[PDB]
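Following: one structure in structure tokens, then a few remarks.
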Amino acid sequence: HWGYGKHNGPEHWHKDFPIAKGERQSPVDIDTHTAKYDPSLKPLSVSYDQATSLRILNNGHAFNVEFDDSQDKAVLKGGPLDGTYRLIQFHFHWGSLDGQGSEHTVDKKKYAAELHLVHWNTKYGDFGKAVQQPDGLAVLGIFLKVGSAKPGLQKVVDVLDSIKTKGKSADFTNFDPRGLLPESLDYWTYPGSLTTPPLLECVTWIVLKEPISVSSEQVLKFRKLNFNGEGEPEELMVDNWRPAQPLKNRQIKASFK
């Protein structure tokens, strides 16, 4: 089955998921010299004050921090979006080396990692219906660089030894995702897809311009996770990123001059 290994990585995914070669695939390279400022874009509204995290899960590809999405507790609105999008989970993609790990690139620059905060459009009632719609999801993408530690990330780092291997989960309540946001909410936006199978073209991407910093020690603990299950030969969970896909007939818009 699909993964990021020597024989099942991104270049193979099209065989089981033909939409991998579709018209609106993600991630993409963001060319800052051709993305155009769109004055019709409105301020992004990130409302995470009532967010209720529940659990953290190693799913064999990444780890997900999961939220209670049965009410409007943690929502994204504004920006390019119409309506209200509820936070369901976040996860990361990262590298084996600090010079790779992000999915989106900026003028071909790869960051050390990328955080995806996944939200679904409440007009479709549940996540599974939302992913069947072109405007079903909004993903907030945030780049990570290695430098100073991110205090807001340490609770996540802290818990990873308890979910080392595929299939392990742990309680993870009262985590505040506001502590993962940069200062500025300046962003680029374009229409795209999920970056893991099933690669559905249901996402309004909102990629923040300003990266967050994490420390080398924080990243190193991500790189101790395992793709494998308990009792199986160890395969470190690294380089769990899809490379940039063709932009095709899309435009990337900037919220800022």
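The count begins at 1 with the first shown residue.
So this one's X-ray crystallography, 1.1 Å, going by the header.
Every residue gets a Cβ built from N, Cα and C, even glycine.
Annotated in Swiss-Prot:
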type: ACT_SITE; residues: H61; note: active site, proton donor/acceptor
type: BINDING; residues: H91, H93, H116; note: Zn(2+) binding site
type: BINDING; residues: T195, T196; note: substrate binding site
type: MOD_RES; residues: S162; note: phosphoserine
type: MOD_RES; residues: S169; note: phosphoserine
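Here the C-alpha separation of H93 (Zn(2+) binding site) and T195 (substrate binding site) works out to 10 Å. Of the recorded residues, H61 (active site, proton donor/acceptor) and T196 (substrate binding site) place their C-alpha atoms 9 Å from one another. Those same-chain residues not listed among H91, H93, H116 yet with C-beta within 8 angstroms of the centroid of the Zn(2+) site C-beta atoms are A62, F90, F92, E103, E114, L115, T195. Long-range neighbours of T196 (substrate binding site) (same chain, six or more residues apart, CB within less than 8 Å of its CB): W2, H61, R242. The highest number of surrounding Cβ atoms within 10 Å, among the recorded positions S162, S169, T195, is found at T195.
Using Cα positions, the member of the binding-site residues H91, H116, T195 nearest to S162 (phosphoserine) is identified as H91. On the backbone, the CA of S169 (phosphoserine) and the CA of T195 (substrate binding site) stand 22 Å apart. Reduced to three states, the DSSP call for the residue listed as 'active site, proton donor/acceptor' is coil.
Fewest Cβ neighbours within 10 Å among the recorded positions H61, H91, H93, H116: that distinction goes to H61.
DSSP assigns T196 (substrate binding site) to coil in the three-state reduction, placing it in neither a helix nor a strand.
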